[PDB]
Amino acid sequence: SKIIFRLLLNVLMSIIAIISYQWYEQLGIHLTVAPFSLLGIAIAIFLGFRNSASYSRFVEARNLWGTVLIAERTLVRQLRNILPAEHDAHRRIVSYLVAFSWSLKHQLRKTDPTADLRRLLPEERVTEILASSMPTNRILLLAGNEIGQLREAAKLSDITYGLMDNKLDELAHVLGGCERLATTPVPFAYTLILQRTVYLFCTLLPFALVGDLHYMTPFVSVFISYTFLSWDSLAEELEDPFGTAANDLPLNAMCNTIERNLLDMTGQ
């Protein structure tokens, strides 16, 4: 909460305004409420639309992760339904699917996958994966080798191969989606503009309130600031969905659910 300092700096800005209202006539400065209404409203409208975009970006992240669990569940389901004997293949594929999740998590958090990957895969595979500048993509390529092998060994027909291939595509879209969200921020200009504007607004506001509210100036002014600043900071918290804040996605729990899910489906 940087908000609380911003509130107290605003109570102080109001005192400065009461004490200084005297020399207003002298200095030749009069400030009515009316234009601050115009400005405040304008700012609230833009804050509303901005916040809308931030929430949508957070929702997209959530959906992207939702697909991971859906597509992995159904790939394992398919593997069991189509090749119920082939538990060798099941185990290999499930570990790739589980690696994909953790890999994706680490990629977005800008952290080290080595532990999670080493915990899941053989060494001849882990070094291949960490070798690529696109590890997560590499895990998908390898999961693909698995299904292709079962195809070449005639365990899968072209059709059944096709069914599982679609699920890798789904995972591909998730990877791209997340990378896209990670690297493409909501234009910095939104935070640039609005952060400036909101701060300057809350700051100048008591200077305009004072003529009308006098000593009441602090109370009302801090209230209006709390409304604006709270809404503005909610946008901020929603904007980095892949971060570590408690307000961000619990990527760790999500990857756990995924792992436990795929292990449950295989009996582990």
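A residue's number is simply how far along the shown sequence it sits, counting from 1.
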The stretch carrying the higher mean Cα B factor in the deposited entry, 156 to 164 or 120 to 128, is 120 to 128
Entry B factor averaged over C-alpha atoms, 44 to 52 against 234 to 242: higher for 234 to 242
For 38, 216, 68, 61, the deposited C-alpha B-factor is largest at 216
Assert third(CA B-factor, residue 185) within chain per record equals highest
Quick tally, chain-level thirds of C-alpha B-factors: residue 77 sits in the lowest
Sorting the chain's modelled residues by C-alpha B-factor and splitting them into thirds places residue 191 in the highest
